[PDB]
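Step one of this worksheet: look at the structure below.
Chains as they are written, first to last, in PDB author numbering: chain A, 18 to 256, 273, 276 to 547; chain G, 18 to 253, 277 to 369, 435 to 590; chain q, 27 to 549; chain h, 22 to 528.
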């Protein structure tokens, strides 16, 4: 058969809308997940909108582009496939209404490309660098809402400053200005001796071990100290000389200037006696998992067996580490080893406190999902406020920009800016909030704040107001903790625009 | 709203079948198979499994019954009916009242917290160390079965099994383990055909049915040494002894191998004063390493000296049940004897259900009354807290109280009395009098449970309302159903 | 069949859900005569529609019971009795027989009517003051015509106060006739030019040559039933024509006789002659030269109300101007209303009148016609104030409804037996009243309901709530938040209307549940 | 149900869609076939909509507001019906989202309260400032005649249009007082203005060609009964028992007619008007007496003669009183229109006049007849109402502008409702451009540019497509139109949207 004329234009709208109705309920964290049933009879339950579009059967070409649209979003940013489909679905409905107005789709496509180029410059005045890092903390609301489902959420108000203050210290530079936060940092050590009020923040490396010797002092070489991480013990080795094999390695450590010796399998008593006269503190039964992360920060290397070819030695302070000072404070019924002021660390350690070991495991996984959301957004130095502030701000800017043409696209730009109102609309539906109130008041606050902006003179700012669906009130998203990087919003509007253009460019369909 | 109706209809149609399957007086269900067969069993697990399903909500309720079976032995139909009634009471509130579904979900989560608090208030403690008190508890799953005559002997076998793997420890330093118990791997038992139940003993260790290579052997050793290796015994005459010479360096009292043992290796190990076992399965060697600690090592020269043979009671090879056995007595293995294999198969499922009742009592002394007593006791407290709860969630919060009254009303419909008349009378007994007044299955008139204690462990009631909220809220979140791969 | 009968009533129930309230919807009624009318009152809609189904006839016959004895509660009896059958569906599917359901409402009806006497707030002193009538009439104008509530308040209250005489502590002599207050409408103008005058208003034109009388007070009025014509004989007296010579005597004979009859009548001092029948041509010319106002009243109903105002009496004969039967009027003139000049009837500070007429003006006759029906219902609301506890009142706008729910649930736990299920469902059925006002006003239903119960449920050191009993169901239409108190705008329903509407709707709801089967046969 | 409200909205669109091309003087016309088979074509929406008689109840609401628009105002009957239904068309997607229609209806009256105060700010009272008596009527007459075939001949038409309104009282003016009779044939620029009334020259009877065409002061008399002896249709049956009585009865019937004939002869009335045809006996007798008689006079034409000379019609010729007679200044029968037509001229007491038009076809004159009525209504409302506002879309675009800024200052659902109310006001300037053939995409976008620069007087040029000012184009409208239209459209919109059920009783 053959389909041409206005029949294919209305057919693509009904086909795209039927496919878009699946992701309309999954928008936002308050959204509701849906089930995917196949012909075999099995099913699945997930809240990810990207996996739903891949398993969704679409028999029409208008929805097939939306299927491949999620592939371009996952291969670049990797998130936001739900919001991109909703944007592309509304742009088709607004463009379909312009057909009865005798407006040619090429100018509609051109009108969207001109508004897309100016939308990037409009975000520049929106997006900003990291702010409110002195005098307040904007990241305390992220950990409070994420852990609110756990017992730790009650005390998370005091525990929020532990993660925020340590997050500024863990920044580093790997290769050519990456500025990324380490995923394996923030060592976890759980012990319960008392109430959780005693929780303290340790800005350094905390190793769980003992001194094993009461004769030597606990503070030695405050200026500089070298840490030597070893695996094989210094004890007498078996298969008559047997004790002299490990004794030679003891003199190599003393001549290397290592005040602290870390052995995985421990240290014998004969080797410990020689460590007293040399003021070297040995440690027995070290944790092999913590030695790998400490060696990378101190410039050391884990050594399972000490040798080169036919020789045995420390290579003259090669595998040894570097640290400013090592001192052990009284931990109030806890014993560990504090390591701070290394060459390059960009990490820390946090001691968990809870009611029992089951609560310590739940509080351990809570900080994993909490800090992750914080570090993935702050990984990029350019972020924008979320919660609907991106779609609402462009509606005010493109409203006055439509007067620049004043011929045709003025009607298309007005419909393009008004099409972004569908994101906050459907967002409040699953939150049990009225879409005609919070969305209506969302535009009033942004329109009044931009009146005195171009004049470079203002009394009070009162800008950047988003939508808070938990308490149902208008608050600042910067203080609320909802942030998204700019690279995610630029690729979202760019992919959603090209997806709607490919549908509007089809005036004929040949179906065999 | 079409998908929300199908989610409630599918969940109600499945629960409607087992409405007559609840209680000791419960009716019977007859399923029609495409062949000339039929199923007369009233168990909700065997009925709904053989029923063809279409809507995906029916398959979600089937997996809920399989999860409850691994936890508790009884109350399978109680969780399904309770989870299905919640969606039925919220049907007019979701459509006619136009209440947002998340508000109902947030109301069920708030009602779930208050429901667990009411159960803890009406729960009473019991001594877990009394052997005579534990017999009247498990008896609920004993009677009306062939094991009622052996109930005295069945309780001794069930209690000694769960007391072996449990560890009682607590303090403010290392935390509370909350009495971690594994029935599957550790309490797994092997049944021996023939014999009598009276001669069945509870052994702690791994059981082996293989015989001994020589009749004359030491039956007990002060400090035994057990070595576990999968390498067989054969020429890889001095080379056969050379492989055994590396084993005898630690002077083992027991030698276990996976494959057979040659006759040449039996003579070299006979003078060494050790035990030889052959044809031992590989799966049994993994359980021996837990009670012993000997690590399986391929080559005999790599055997470590760290492992020992400690915690081995006796080497006795004495024949039990006309067959040579091997007794190695956080693990145990019970040797059961019965009049036939069909009798042992019935004891199998009955022993697991008997230990599940005794275990739930050990997780906490708090016991809860059954037969609609706890169901009505919570519904009275839900109505009082409803008037004090402000917000739109107050209306869906009252739907839980109507769902709590469906379980006792279900038993009344099968009892023969008026479900409307006996509901208002039983509800007034909880407001004025105590909460211990239930419904009698034999008579059918409202009576006190003090005479015959119906009390059940709280763990059955905990997971009952727990998983019911998670199963009801799961179907309400799906607003669309599509077909595709 | 009972469940199926509720479904047929549910279609009629949804019709009244959009009726009650100022935010409700109006339904267009197209008569079979080719006349399109629209009205808010549902009792008029039931008259134009043919009622057939037996369960529907119960609510229609109960609606006519509300039309008598009061003018309010037409939408109250329909919504209340309709919801009692909806909440009874849960009892039918549960297996409870409809016999005990009827018995449960009878026990709750006696407990409800007894509490209404203790829930009264204020009491009307029957002072008949202009400001006192503004409190009762203002809420009655609401829910029918929007925007005219404040405008028609001063027009209706002033006309009713003129009919009501000055008396106290006297209940023996009846008063307040229904026909004493007439409402007329004239196309053109607006409601701002409408005033309140004491007297009847006639729409007929002054055919006589005298347009208006003098300013002298107490003009005599003569009401003549017999038409103007030569005096004849009561026995036979048929005029016949024979020859042309008698034709000249017929015209000249009636010329002198009619002129002589009007002479002596006009010489008695009466300046106004009211002829209830047709007026001859020769008789009209004689009264115009003597300065006599000729007013024809073909309607016999208008002559009855004139006897109690001016004092004149209709005479079946002609030519007997009895001065004892003549009335008195200070001023009779002709004013132009809406472009047409009509002769009116009024008086100033004398000869107290029990009959008044309201003059209305409007550009659109459609909405202006509904104003007449709204005022007629407002006049009938004055009947609610009587000696047998007529002055009692209760807070309206959903204030009493939700407050009564909390008191009924208290009696449910105190009454043992199976009646607890009927008492609980009886209080839930009152939630349709606040939902009706909240849904028709566009506000969110889920927002308003919890805010109502939070206001009616408070913690006070005592068993009787004191500070605020006045929290109602408010129609906001505002920007953000906040409500109004019932005492602020004085919008409430009288106890006589609420007590009568609930008592009828309770029996009408239990009546439908009594019939489980219908049988139709040839009469 | 909710489907009944949507169905009632689409029912009003079909009636509104027909009235859209009728908006504007250059717009299309609706062709309606009445049940009487009489075909009428006019651009006035009042008479059009009255001929539909739609059974649908919501369509009757548009008829009620159309009668009040024609009565109190008389102009804008097409725009009031389009605006009343446009608010329901834009509110269709609002009801699908779950928004109740009550808040939508309430939001309309919120913008009307700000619109009434806006009309008073845009109303400028000017009379003698920068104008005069003649210059006011002359400049405004050429505007309504623009874009027409009479634009080249409008020089002679304006002079007759100014003297038309000056012949009547300036305090009370009525467009029905000026009559227009279509005369086929002749040039369009040769028409003249007449103070009196003219006749159709229906006389088919012999005796023509003899008559003086100029009278000094003739006496006008109206007779309600016909006078004839032997007509051209009926006859007279005379049957008597005597032979000599045949001619006697024939002569008796001649004397009975001659009786009433000589009674007028004694009165001396030169003009005789009768609604019934006159036989050949009276026309022949009145020829020697120099008495003119006109039979078959129209009822509407004779009623204007009563208000002309101040006389009255009498039944017989006996009791006629002297005040029933009347006299004009001059009586002249010219050849204008390729036919001799008699008419009255110079009546000082005449409360009505007649404006004759000529043309090659009667349908072309009908287009000029309706065009002259538009210029009369402008002058009619310019006298009593002193408030004049800029029309032709000028004021319409200003009302929509200011209401868009008030939505940002009003929180709640009223922001989107008022913004939709101002967007619905764009149908008036759009349809004006779509009717005449102008591009609605470019002009409406180019107009919004300078419209926001602070000048509120920008209109739409009806001659050459472009943005401009109607103040220079001399396009004026009274302030009563904008006030009555917003009140009638809001009441009609709120009445239909408030109807959730359509009840129709048959029988």
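Every residue gets a Cβ at the ideal spot worked out from N, C-alpha and C, and that includes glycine.
8 Å Cβ cutoff, residue i in contact with chain q
| i | result |
| --- | --- |
| residue 495 of chain G | yes |
Close-in-space but distant-in-sequence residues of the same chain around residue i (CB under 7 Å, 5 per side omitted)
| i | result |
| --- | --- |
| residue 115 of chain h | 125 |
| residue 209 of chain G | 361, 440, 441 and 442 |
Any chain A beta carbon closer than 8 Å to residue i
| i | result |
| --- | --- |
| residue 456 of chain h | no |
| residue 237 of chain G | no |
CB contact check: residue i to chain G, cutoff 8 Å
| i | result |
| --- | --- |
| residue 446 of chain q | yes |
| residue 54 of chain A | yes |
| residue 480 of chain q | yes |
| residue 209 of chain A | yes |
| residue 467 of chain A | yes |
Residues near residue i by beta carbon distance below 6 Å, same chain, minus five either side
| i | result |
| --- | --- |
| residue 40 of chain A | 66, 99 and 102 |
Residues near residue i in its chain [Cβ-Cβ closer than 8 Å; skip 5 each side]
| i | result |
| --- | --- |
| residue 114 of chain G | 500 |
| residue 467 of chain G | 145, 179, 183, 196 and 198 |
Contacts that residue i makes with chain A (C-beta to C-beta distance below 7 Å)
| i | result |
| --- | --- |
| residue 83 of chain G | Correct list: empty, because the minimum Cβ distance to chain A is about 16 Å. |
Partners in chain G for residue i, counting only beta-carbon separations shorter than 9 Å
| i | result |
| --- | --- |
| residue 165 of chain A | Result: empty, since nearest Cβ-Cβ is about 13 Å, beyond 9 Å. |
Cβ of residue i within 8 Å of any chain h Cβ
| i | result |
| --- | --- |
| residue 51 of chain q | yes |
Under 8 Å from the C-beta of residue i: neighbouring residues of chain A
| i | result |
| --- | --- |
| residue 66 of chain G | In chain order: nothing, as chain A lies at least about 15 Å away. |
| residue 140 of chain h | Those do not exist, as residue 140 of chain h stays about 26 Å from chain A at its closest Cβ, beyond 8 Å. |
Contact set between residue i and chain h, taken where Cβ atoms lie within less than 8 Å
| i | result |
| --- | --- |
| residue 58 of chain q | 526, 527 and 528 |
Within chain A, partners of residue i - CB distance below 9 Å
| i | result |
| --- | --- |
| residue 37 of chain h | The contacting residues do not exist; residue 37 of chain h stays about 16 Å from chain A at best. |
### Task
Ignoring anything shorter than 4 residues or poking outside the region 154-179 of chain q, list the alpha helix (DSSP H) runs there in chain order.
156-167
### Query
Is there contact between the region 56-70 of chain h and the region 537-546 of chain q, where contact requires at least three CB pairs shorter than 8 Å?
no
### Message
Is it the case that the region 102-119 of chain q contacts the region 478-497 of chain q, given that we only count it when at least three CB pairs across the two stretches are under 8 Å?
### Response
no
### Task
Within the region 66-128 of chain h, note down every full alpha helix (DSSP H) run reaching 4 residues or more, in order along the chain.
66-71, 78-89, 98-111 and 113-117
### 3-residue-minimum beta strand (DSSP E) runs that sit fully inside the region 541-582 of chain G, ordered along the chain
542-544 and 551-553
### Message
Taking contact to mean 3 or more Cβ pairs, one atom from each stretch, closer than 8 Å, check whether the region 401-416 of chain A and the region 159-177 of chain A are in contact.
### Response
yes
### the region 402-414 of chain h touching the region 490-501 of chain h, judged by at least three CB pairs closer than 8 Å
yes
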